[PDB]
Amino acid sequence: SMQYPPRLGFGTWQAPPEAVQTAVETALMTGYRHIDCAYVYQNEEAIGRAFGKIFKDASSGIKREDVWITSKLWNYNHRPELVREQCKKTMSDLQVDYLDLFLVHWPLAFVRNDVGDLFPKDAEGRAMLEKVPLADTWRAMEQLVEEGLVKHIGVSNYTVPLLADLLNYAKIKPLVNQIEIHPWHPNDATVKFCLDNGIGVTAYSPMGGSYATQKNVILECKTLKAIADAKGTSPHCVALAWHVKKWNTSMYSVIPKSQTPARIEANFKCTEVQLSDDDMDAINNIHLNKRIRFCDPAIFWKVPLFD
């Protein structure tokens, strides 16, 4: 019954196990119906406890089929024989029998070493990569849909030419591309390319995220704070409202994260904010003065995927 992820979703990166169960419970009870997960976030079992508690309880008013659940194939599981195994492990942890969506997390194949390092690195701090064609990984992802383990598959951090090439050999097309989009990195050409080619888009770090002590770039933005103040809301909600007005299609969704119940609830009201054309112009100007790609493997893995 859902064709694409619900427009307003909920992220789980960096939420420790001890916070994320309460966070997901709060999101679900607040009304979010799209939860973004990943194996590499090291918290799927805690999330699964939230799903089990809510979906098994006929009193919560929320059933499994009301919720879109996404997870992601980690970089060290790109060898085809590892794809189904991780899918099943992720589902077991999440206490689900199927995923709505399973993504290739990055177009980077990491070695899977004998201690199971999530981020294997050589002495220079560069990620240790494995020889796995992206098409081999994709074919393995397709088999998950054929078996019925997952309803849809997609990609994340794929660039235009990777998407173009995928479209030329995919038997099952990627449902979406999940990529970094926010007022400091609007990513317009790539979004348009996806949507023009019938691929949905999911905006990660939609409020600018928590990145290098980690900082929240949104807290320094005078433009977002001025619009928020004048409208009796938060800069967070103004950012989220900007996404959904800018790209007014059910094929585009946002996945804001908080592990703080008050913020989870407050962010859910972003759909009530009405931005003017002047508001949209002002926000669209932010990246002309400050443009930043935060989630850049050139930085943390010494692999310049986006160059």
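When you see a residue number, it is the position in the sequence shown, counting from 1.
Counting the unmodelled positions of the deposited sequence between residue 212 and residue 213 gives a gap of 4 to 9 residues.
Higher average CA B factor: 55-63, of the stretches 30-38 and 55-63. Legend: mean Cα B-factor per stretch from the PDB entry, 167-175 versus 125-133; the higher mean is in 125-133.
Ranked against the other modelled residues of its chain, the C-alpha B-factor of residue 274 as given in the entry falls in the middle third. In the deposited entry, the Cα temperature factor of residue 93 places it in the middle third of its chain's modelled residues.
In the PDB entry, residue 241 places in the lowest third of its chain by CA B-factor. Remark: residue 258 belongs to the middle third of its chain, ranked by C-alpha B-factor as recorded. For residue 110, the recorded CA temperature factor ranks within the middle third of the chain's modelled residues.
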